[PDB]
Amino acid sequence: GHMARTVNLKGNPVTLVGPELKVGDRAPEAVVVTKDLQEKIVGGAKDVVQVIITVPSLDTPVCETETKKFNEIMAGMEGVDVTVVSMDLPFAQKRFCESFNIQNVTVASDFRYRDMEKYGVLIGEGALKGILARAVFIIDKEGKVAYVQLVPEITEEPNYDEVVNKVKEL
Amino acid sequence: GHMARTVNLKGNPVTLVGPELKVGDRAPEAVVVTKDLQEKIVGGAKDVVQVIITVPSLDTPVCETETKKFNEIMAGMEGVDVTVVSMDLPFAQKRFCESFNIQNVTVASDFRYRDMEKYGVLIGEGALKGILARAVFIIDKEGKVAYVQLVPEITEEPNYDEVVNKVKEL
Amino acid sequence: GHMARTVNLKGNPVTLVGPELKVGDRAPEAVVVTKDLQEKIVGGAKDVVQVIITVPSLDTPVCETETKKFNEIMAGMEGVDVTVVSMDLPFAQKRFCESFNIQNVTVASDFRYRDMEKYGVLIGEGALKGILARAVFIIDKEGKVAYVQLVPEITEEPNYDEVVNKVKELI
Amino acid sequence: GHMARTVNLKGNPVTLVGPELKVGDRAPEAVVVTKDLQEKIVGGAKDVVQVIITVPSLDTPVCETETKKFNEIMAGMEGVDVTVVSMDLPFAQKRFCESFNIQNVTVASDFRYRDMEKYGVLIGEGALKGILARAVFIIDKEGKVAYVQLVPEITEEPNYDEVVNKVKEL
């Protein structure tokens, strides 16, 4: 589960589109769109540690809960940029941020270029084909993947402490 | 009444991706996803008249107003299948239909294959690049485009009467 | 035969992007581009039996051999429309036809819309990710998939006779 | 060099997909595929000058002429990576390199992710919709666009000398 080419959806296997990203690989750059329709680049090397969180949709229960959690857990932490990315259009994401006070993390949409396929989390089969799997990536300042967590079951939340602890050592 | 290769967004023109469709052309089939995540084909020939309405996003003011309008005016009509298509994910469209009781028309997402590019309504530049322009197509039972309407200004509502009158003739 | 969600590339398994099609399913329409840059629609229901052959690239020995062989065995056959589809740009397909004198079958490119993903043959991993796997589909006049053959290994050629016999059976 | 939102095909205008890149902008990264099927990253900041040359297809007369030409004037020039990019599959580019001794420039395909859309050269209408317009980009060591040249007539060769003179200044 931690990292693989397949995940489960309600117990049924779902294959992901490659490539499978491994620790040590350069983090691909993803040109995503924020709620104000501006584009931003996640991935690559930055002067800060990056935490990229992918979710199927902010308009779904689990994803909503997860984003709220990371928004609270990463709050106040300096030296790190946290971005929750999904295929939701910026308009849905804007609505999400208006309904909930999200200010410790940035939500972004990958609808325009679908660059997250480069992270190996694009779902390749089933009802959710074309949507992103639930995963977490931590990128160091050298722009290398330092940590990967692919949640084995899409309907399940990730291990939050494993993520925070890795960010701390970086 | 006639398609074009550009539309305005607050007065400023934005180019559309081709091809430009014209009455008489075969209606391309678009494989879209409904709110229950089932795939549906719009376009092509069906034993019913098809009204395809494209909008930038149901999570925006005008599109919301437009969809509610068509839902009301198309209520009770037999022999016709009306579908509002956008790049919103099925999850957002699901939430839209739960907030406004939309039951006379169908809503579907073109996020998976982006087949509406085949209708010449995919926006190719500016802040809304990758989203669909506001338009209406009516397909006859033989699968041919019988009517087209491209709203000149994205922030404008379409001419509803013109659409209803043409559907009644088909 | 039966379709599958995986194929081997030089012995190594690679997953395909869904959905997986089966005999009886409606054949999805694919808007492809011919060597003259015109668009052709394959799939759906037509008053003719359709044979859609997918290959990784006409610029590789195996695909060239497969295409020449199908061009030969389908020569002069009435009531059928055979199309070889790949992600090659039309410019490469044109050069191919010119060099191999392909006149009995049509070659077309899926580069513009990649509609063949709807047939479950888009490779989802490995060196050929984004390319089409080697397969054969036969669509009946009703627009239904009447036959399917997914070559288990990309470097291998398909079973030609099996296809020909089925086409004849469908008339 | 000059950039625009349209190019002509035998004097007839064809619109390009946005965005328009300008000198001073950061050079977007494009994940392309070489003839050996390995992935290479063009754009972004590297320790060398980058010359990115986009063409409709190497399987066309003009494109072949231009490639051989650039492979001539950029010879022996150290500290500069030259890549010719197109939507041709790697297999055609491999065949191209085996037919013409090209050892001063690298050819790569953008078929997998179509990242060159980020450079504003993706054609959006007409018979060539989906392939790249003819252009030349020069990226400095800081990863910024330092030069841009969009050939006004896609069927013609670009202005070679001004490209080589600019790379020297860098």
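Chains here go by letter, A, B, C and D, matching the order in which they are written, and residues are numbered from 1 within each.
Please note the rule applied: contacts are C-beta pairs under 8 Å (C-beta built on N, C-alpha and C of every residue); 3 or more make two chains touch, one makes a residue touch a chain.
Visitor: Counting C-beta pairs in contact, which chain pair has more, A-C or C-D?
Guide: C-D
Visitor: Of all chains present, which has the mean Cα position farthest from that of chain A?
Guide: C
Visitor: Centroid from C-alpha atoms only, then distance chain B to chain C, rounded to Å. What do you get?
Guide: Those two chain centres are 32 Å apart.
Visitor: As a quick test, compute the distance in whole Å between the mean CA positions of chain A and chain C.
Guide: Going by mean C-alpha positions, chain A sits 36 Å from chain C.
Visitor: List, in ascending order, every residue of chain A touching at least 2 other chains.
Guide: Within chain A, the residues that touch at least two other chains are 129.
Visitor: Chains as vertices, touching pairs as edges: which of line, ring, star, complete or other describes this one?
Guide: Per interface graph, the chains form a complete graph.
Visitor: What chain-chain pairs meet the touch criterion?
Guide: All chain pairs meeting the touch criterion are A-B, A-C, A-D, B-C, B-D, C-D.
Visitor: Which of the residues in chain B end up touching chain C in this complex?
Guide: Those residues of chain B that touch chain C are 26, 28-29, 31, 44, 113, 115, 117-118.
Visitor: Per the contact definition, I'd like the list of chain B residues that touch chain A in the complex.
Guide: 37, 57, 59-60, 87-89, 91-92, 94-95, 111-112, 127-131
Visitor: With touch defined as at the start, can you tell me which chain A residues reach chain C in the complex?
Guide: By the definition above, chain A touches chain C via 5, 15-20, 124-126, 129.
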